[PDB]
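Trainee: Sharing a structure with you now.
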Amino acid sequence: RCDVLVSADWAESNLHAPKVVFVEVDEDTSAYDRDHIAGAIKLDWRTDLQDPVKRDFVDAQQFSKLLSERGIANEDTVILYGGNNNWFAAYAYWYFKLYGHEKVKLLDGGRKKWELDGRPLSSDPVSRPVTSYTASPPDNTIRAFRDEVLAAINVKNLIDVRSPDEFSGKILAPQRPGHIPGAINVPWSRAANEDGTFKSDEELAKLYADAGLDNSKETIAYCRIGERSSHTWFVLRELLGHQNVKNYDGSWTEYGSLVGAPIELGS
């Protein structure tokens, strides 16, 4: 598990280790601007990682430019962590894998566990000398687009990670309500302990088996905009080792607005 996940003790021991860089990823940088893990830098999920105009996230060259400017190199081990339940740090992890970054890990429990453990935080500014990062083209075996999602109904597992009432169609969002036909509902938070850390392999395999994950089928996870489904994608692909898992980043805001798209109601 050390290949994709590191503990808070490991992280605290390796703050200033050679070729290791901590990256805080949240909705805003406002939490990071307050305080952060010593020497960590920041990526703004909204203004750094999304296209400013199109509904997408940055492409290869924009991702390369961003990392180059933040002083991240190809051969760095990247350690991702965040508040809001590590949701955005898992999303960035997914972006890092998409663009072919090999050494990257989630900090287990993210900011929540760091602060529960009472670990030190730095109020100091951080600058890293700019590097030359070069991303690989996207590995779309880990991403799903609308057309393949439509084609995956009754072919692949579809893990809806929204609230039980969004799934059944009782509530639209916080466009059409309901869920993708044949989807199973596993709210993202079932995969997580109170301290923010991921549950064990035993706990997770049972969670998804009970819910009806079919091991004869490949898998797609979805949310509203793919944020909490990143976190589920991480559990399924990186923790449990399922070899064929995609994040449908379009998710319900796209799917629920598609004309003519099949929708199913009820739990």
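Residue names in the structure tokens use chain letters A, B, ... in the order shown, residue numbers from 1 in each chain, and ligand numbers from 1 in the order shown.
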Quick one: everything within 9 Å of residue 195 in chain A, counting only C-alpha atoms, minus sequence neighbours fewer than 5 positions away in the same chain. Send it as a ChimeraX atom specification.

Mentor: /A:109,112-113,116

Trainee: Excluding residue 55 in chain A and its own-chain neighbours fewer than 5 positions away, which residues fall within 12 Å of it when counting only C-alpha atoms? Please give them as a list in words.

Mentor: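 Those residues are residues 46, 49, 50, 225, 249, 250, 253 and 254 of chain A.
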
Trainee: For CA of residue 145 in chain A and CA of residue 245 in chain A, quote the distance in Å rounded to one decimal.

Mentor: 12.8 Å

Trainee: Quick one: contact table of range 126-159 of chain A to range 228-240 of chain A, 10 Å max, nearest atom pair and distance in Å to one decimal per residue, counting only C-alpha atoms, chain and number order, as JSON lines?

Mentor:
```
{"residue": "A:142", "atom": "CA", "partner": "A:233", "partner_atom": "CA", "distance": 8.8}
{"residue": "A:143", "atom": "CA", "partner": "A:233", "partner_atom": "CA", "distance": 9.9}
{"residue": "A:159", "atom": "CA", "partner": "A:229", "partner_atom": "CA", "distance": 8.3}
```

Trainee: Selected residues, N, CA, C and O atoms, written as a compact mmCIF listing (two decimals), in the first residue's frame, please.

Mentor:
```txt
# COMPACT_ATOMS: atom_id res chain seq x y z
N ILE A 142 -8.28 5.59 -17.59
CA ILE A 142 -8.73 5.90 -16.21
C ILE A 142 -9.81 6.99 -16.12
O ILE A 142 -10.21 7.41 -15.01
N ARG A 143 -10.30 7.39 -17.28
CA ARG A 143 -11.30 8.45 -17.44
C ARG A 143 -12.43 7.95 -18.34
O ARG A 143 -12.21 7.25 -19.34
N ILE A 159 -20.63 3.02 -10.13
CA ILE A 159 -20.67 3.27 -8.72
C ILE A 159 -21.08 4.71 -8.54
O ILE A 159 -20.31 5.63 -8.83
```

Trainee: Which residues are close to residue 14 in chain A, i.e. within 12 Å by only C-alpha atoms, leaving aside same-chain residues fewer than 3 positions away? Reply as a list in words.

Mentor: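 Contacts, in chain order: residues 6, 7, 8, 9, 10, 11, 17, 18, 19, 20, 21, 22, 37, 38, 39, 40, 77, 78, 79 and 107 of chain A.
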
Trainee: Just to confirm, what's the straight-line distance from CA of residue 135 in chain A to CA of residue 102 in chain A in Å (one decimal)?

Mentor: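 Atom-to-atom, CA of residue 135 in chain A to CA of residue 102 in chain A, that is 10.8 Å.
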
Trainee: Just asking: which residues within range 29-257 of chain A are strand (DSSP E or B) according to DSSP, as a count of residues only?

Mentor: 36

Trainee: Quick check for you: according to DSSP on this backbone, which residues of range 7-174 of chain A are classed as alpha helix (DSSP H)? Reply as a ChimeraX atom specification.

Mentor: /A:8-13,30-34,60-70,87-98,110-116,146-151,164-168

Trainee: Skip residue 257 in chain A itself and residues of its chain fewer than 4 positions away, then list as a PyMOL selection string all residues within 10 Å of it, counting only C-alpha atoms.

Mentor: chain A and resi 175-177+252-253+261

Trainee: Which residues are near residue 3 in chain A? Cut-off 9 Å, only C-alpha atoms, ignore same chain within fewer than 6 positions. Put them as a ChimeraX atom specification.

Mentor: /A:103-105,238

Trainee: Between A:25, A:201, A:122, A:134, which residue has the minimum interatomic distance to residue 75 in chain A, considering only C-alpha atoms?

Mentor: A:134

Trainee: Kindly give the distance, in Å, that separates CA of residue 155 in chain A and CA of residue 224 in chain A, rounded to a single decimal.

Mentor: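 Answer for the CA of residue 155 in chain A to CA of residue 224 in chain A separation: 21.4 Å.
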
Trainee: Extract, using only C-alpha atoms, all DNA, RNA and protein residues at most 12 Å from residue 64 in chain A, discarding same-chain residues fewer than 6 positions from it, and format them as an NGL selection string.

Mentor: :A and (48-49 or 58 or 70-74 or 95-96 or 99-101 or 130-137)

Trainee: For the selection just defined, write its residues with C-alpha atoms to a file, as a PDB file, in the first residue's frame.

Mentor:
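Saved the output as again15.pdb:
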```pdb
ATOM      1  CA  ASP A  48      -5.090  25.992 -11.378  1.00  0.00           C
ATOM      2  CA  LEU A  49      -6.605  22.633 -12.455  1.00  0.00           C
ATOM      3  CA  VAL A  58      -6.170  21.516 -17.993  1.00  0.00           C
ATOM      4  CA  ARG A  70       5.220  25.419  -9.037  1.00  0.00           C
ATOM      5  CA  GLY A  71       8.653  23.791  -9.132  1.00  0.00           C
ATOM      6  CA  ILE A  72       7.528  20.149  -9.488  1.00  0.00           C
ATOM      7  CA  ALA A  73       9.677  17.761 -11.553  1.00  0.00           C
ATOM      8  CA  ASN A  74       8.880  14.483 -13.323  1.00  0.00           C
ATOM      9  CA  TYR A  95      -4.998  14.154 -12.562  1.00  0.00           C
ATOM     10  CA  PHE A  96      -1.376  13.180 -11.754  1.00  0.00           C
ATOM     11  CA  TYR A  99      -0.826  12.681 -17.062  1.00  0.00           C
ATOM     12  CA  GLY A 100       1.533   9.787 -16.362  1.00  0.00           C
ATOM     13  CA  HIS A 101       3.199  10.873 -13.140  1.00  0.00           C
ATOM     14  CA  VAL A 130      10.674  26.728 -11.327  1.00  0.00           C
ATOM     15  CA  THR A 131      11.401  23.419 -13.127  1.00  0.00           C
ATOM     16  CA  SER A 132      10.719  21.925 -16.532  1.00  0.00           C
ATOM     17  CA  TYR A 133       7.899  19.381 -16.112  1.00  0.00           C
ATOM     18  CA  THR A 134       6.646  17.486 -19.128  1.00  0.00           C
ATOM     19  CA  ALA A 135       3.339  15.581 -18.820  1.00  0.00           C
ATOM     20  CA  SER A 136       2.561  12.432 -20.863  1.00  0.00           C
ATOM     21  CA  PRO A 137      -0.617  12.529 -23.034  1.00  0.00           C
TER      22      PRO A 137
END
```

Trainee: Could you check the closest approach to residue 154 in chain A for each of A:62, A:262, A:251, A:83 and tell me which residue wins, using only C-alpha atoms?

Mentor: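 Of A:62, A:262, A:251, A:83, the one nearest residue 154 in chain A is A:262, counting only C-alpha atoms.
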
Trainee: Given only C-alpha atoms as the basis, pick out the residue of A:178, A:52, A:118, A:196 nearest to residue 85 in chain A.

Mentor: A:196
